[PDB]
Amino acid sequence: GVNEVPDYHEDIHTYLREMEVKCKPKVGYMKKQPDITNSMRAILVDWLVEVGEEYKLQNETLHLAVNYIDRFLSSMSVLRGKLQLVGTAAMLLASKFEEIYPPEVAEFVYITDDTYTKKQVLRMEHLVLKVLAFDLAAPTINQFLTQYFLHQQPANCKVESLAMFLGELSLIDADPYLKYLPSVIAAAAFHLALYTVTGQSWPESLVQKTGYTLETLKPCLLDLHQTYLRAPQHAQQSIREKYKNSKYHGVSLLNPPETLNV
């Protein structure tokens, strides 16, 4: 279990919980965004999901990039014609951090349809770094999920993939999800996934680890449950498409439960 760092897993968990509060965006930044909306953000993030599929990037990278964009947009006012340049630089930085083999800069210019130049992407890379003050090692929903996953009795791939899927759906909708921390969405997503697949619920053991109960998870859970039901109808569909793939056990094809008995 060295791959699961037994000697350090709690230290790490405790550390991530602290860091997720420091790396948190402003829940209400889009109102102070004169020229962009939750809807435009959803489009951008949906696009980034496609880019990740296109370049076969990690899911962690996608989560990182979204974290970078929401923190940048928490302090930097951006015109709609520039939203994609922020997003592309976010994805580039996230790739350089998280990927063994980042796509080359040229490849990032390419996926923007020569909207932007290689200079613009690089100049924005610097700006994002200055704005974030290099603080790129941010806890993501995934880094929580993978730890929660160790608490399954026994592990179940359908549960894992579906948790991932739900958690990814949350990236799309700044409202409501900006108001919840990565550790809480992951916990919502885990229970939802577990319930859906096996009927089971948030385990005692994760209550011990996290301090969270179905009581404290309820708000987020109610939101996530809706997002799950209304996902076939959402204007953005790239995550559902992605989670059809056998790589993720075709979980997007599973039927959400009608009630949570919660």
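One-based numbering along the sequence shown.
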| query | Between 63-71 and 226-234, which has the higher average C-alpha B-factor in the PDB entry? | reply | 226-234
| request: Quick one: say whether 135-143 or 100-108 has the higher mean Cα B-factor in the deposited entry. | output: 100-108
| said: When the deposited Cα B-factors of this chain's modelled residues are ordered and cut into thirds, is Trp202 in the lowest, the middle or the highest one? | reply: middle
| note | Quick tally, chain-level thirds of C-alpha B-factors: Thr213 sits in the middle
| request: Comparing against every modelled residue in the chain, figure out the third that the C-alpha B-factor of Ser252 lands in (lowest, middle or highest). | output: middle
| request: Among all modelled residues of this chain, ranked by Cα B factor, put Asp173 in the bottom, middle or top third, i.e. lowest, middle or highest. | output: middle
| C-alpha B factor of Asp11, ranked within the chain: lowest, middle or highest third? | lowest
